[PDB]
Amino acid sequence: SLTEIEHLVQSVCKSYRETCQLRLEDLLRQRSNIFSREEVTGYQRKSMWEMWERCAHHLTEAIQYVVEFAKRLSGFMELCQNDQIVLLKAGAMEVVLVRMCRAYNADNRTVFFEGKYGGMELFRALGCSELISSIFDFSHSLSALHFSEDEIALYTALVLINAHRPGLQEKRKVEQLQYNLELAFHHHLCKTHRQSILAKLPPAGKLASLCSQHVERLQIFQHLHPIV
């Protein structure tokens, strides 16, 4: 029924609100709170390992909160563990980078990072200017579309719930979950007159891979660096 589709939309939004780490209103309220030049210089003078370690902890924390998101979605716990692991492996870092747009301010090209807004410059010590620039771009393109909370909650669910990921054992059970979300998302977009937004979405697979690679690298090499 119509209210049944409406139920699932509000419940995906609920699950998103509960697992999104920081509230949008807090993020929006803190736009004026910007790192000073002194504070920028502090981050830039950190060792490459110090800065990577911090950001990998954040990236890790983000992935865990996407897992919590997935756990609350309708049929996810009912899938076999193998499928749960396949969907989250293939999908979580992409969800993380889409969530990231909410902490991005497109007016001043800054992002909320450890309690204040800062630009690309903050992340010089990472030694990956191109990756940082690309992620800022992706965030900029996402913010421009001016997602509702519902749009993000539903779109990120669809990033996860995908019956096309290699190595599922129960494709059909994923397909039903994916279709149900598609049906719900389609109704919501139609009633809001937002059908066209998903045509405009910037490519996220490559970037997410590189974030995932870096996370893997830091854990792999942790014994050649100071105790965490």
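All residue numbers are counted from 1 along the displayed sequence. What we label the rigid core is the largest C-alpha set whose atoms superpose within 1.5 Å from one form to the other.
Rigid core superposition in 6 other deposited structures of this protein puts the Cα atoms of one stretch, out of 14-22 and 215-223, farther from the shown form on average, and that stretch is 215-223. Here the rigid core sets the fit, and in 6 other deposited structures of this protein the C-alphas of 164-172 stray farther than those of the other stretch, out of 164-172 and 50-58. Here the stretch with the larger average CA B-factor, out of 69-77 and 83-91, is 69-77. The PDB entry reports B-factors from which the mean C-alpha value can be compared for 60-68 and 169-177; the larger average falls on 169-177. The top Cα temperature factor in the record, among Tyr117, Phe147, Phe123, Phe136, falls on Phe147. When the CA B factors of the chain's modelled residues are split into thirds, the value for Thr19 lands in the middle one. Among the modelled residues of its chain, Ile220 has a C-alpha B-factor that falls in the middle third according to the deposited record. Per the PDB record, residue ranking by Cα B-factor puts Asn108 in the middle third of the chain. Ranked by Cα temperature factor within the chain, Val9 sits in the middle third according to the deposited record. Split the chain's modelled residues into thirds by C-alpha temperature factor. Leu183 is in the middle one.
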